[PDB]
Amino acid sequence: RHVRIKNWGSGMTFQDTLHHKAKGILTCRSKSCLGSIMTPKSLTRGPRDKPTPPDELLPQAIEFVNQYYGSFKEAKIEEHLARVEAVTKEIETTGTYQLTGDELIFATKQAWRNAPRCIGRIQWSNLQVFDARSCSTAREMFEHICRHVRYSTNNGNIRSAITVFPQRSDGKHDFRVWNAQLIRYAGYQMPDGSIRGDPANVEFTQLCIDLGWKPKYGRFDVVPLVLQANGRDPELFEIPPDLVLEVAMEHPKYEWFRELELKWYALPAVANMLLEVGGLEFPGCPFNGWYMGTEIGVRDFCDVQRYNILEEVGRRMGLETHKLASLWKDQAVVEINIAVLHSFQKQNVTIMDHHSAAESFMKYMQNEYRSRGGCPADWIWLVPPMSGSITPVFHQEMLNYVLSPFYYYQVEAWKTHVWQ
């Protein structure tokens, strides 16, 4: 079946066939399309109370092994059979199986390549995998994480990496990081009702306070690492401030921008997602890349539910903040995003503008169809939050579907935890 995909900007046409190997878990039906649901149950992998029944695990395990060995330009016929045989045994004798070191590396990279919402996928093959499946205590998790942070930060020359903690066995012995990101700022609900800091982390900040963390009521306070070792209650750890690289915001023209006293961290490390590989689940697998300007400038800074600094900037710029039609909102957002890119560049830290990112993704998408004839793509997430149609991804028709390996969301640990 050849579902024809077309790019109305360049006339480029694609034939998607890969969508057949997809897992039919999406909620979209013939009567209604719900592609705009942010965090659907379909892309979520809930917690369990008992291991995956060997009956549904086996076919998935083999399916993965086939894909792994099939990825080789060569033909390893023997090793392939030996492994598929070895795994089948392990599942029938232990109820689960372990991935080899190389299979894990292929798994993580392939899952990235399968992330329909990631726009930096042109780098899918360039990832540093840290094996921490041997981990056993929260204290060790902290050390593994600091290793990751020290690496990926790399004195400003950010580089992608991922740390894989021991897979899910019972579902009662989960190894996971509660924090949405390794590095994130605190959010505090102030007495006057307003929120000081990042609104997105108000709830998680409370959890940190309940666990003992002392609030500092600042706008950019780095939240402590809330780590969980095999089902045990989580323990707090403070990322040494030396490892947290930040960039102070400033404009190449508006010297008053410094007055806003803004800043942001350099490392975007999502930490609460789950890696699914041939039936196995890794609830603890923090990964990172480098930032795309708009993520901070448009979203983190101008969302009403985030720092919301838009009006303050429009006023400082002396724009008509009352006449909407003045397009004051659009100028402000642009100057803010310039401040971001500028600041990261003046401080020798890796950042990527949304134009360069988009053009690189087109190159990537093309490679996908030429190689494996398919590319899972969520238009709603790939198109930048500012100047949408000015980028080629806006003009690209795309199919969104779930494959395997894959990075699923999770129900934030605390909401389902069984405290002791």
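When you see a residue number, it is the position in the sequence shown, counting from 1.
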query	finding
Coordinates absent for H395 in a third or more of other entries	no
At least a third of the other entries leave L26 unmodelled	yes
Greater mean Cα temperature factor according to the PDB record, 402-410 or 20-28	20-28
Entry-level comparison of average CA B-factors, 210-218 and 296-304, reporting the higher stretch	210-218
Per the PDB entry, maximal CA B factor within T108, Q181, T93, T153	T93
Most elevated Cα B-factor in the entry, residues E250, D330, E311, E103	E103
Relative C-alpha B-factor of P385, binned into the chain's lowest, middle or highest third	lowest
Chain-wide C-alpha B factor ranking for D198, given as lowest, middle or highest third	lowest
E359, C-alpha B-factor rank within chain (lowest, middle or highest third)	middle
Assigned third (lowest, middle, highest) for the C-alpha B factor of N348	lowest
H342 - which third its CA temperature factor falls in, relative to the rest of the chain	lowest
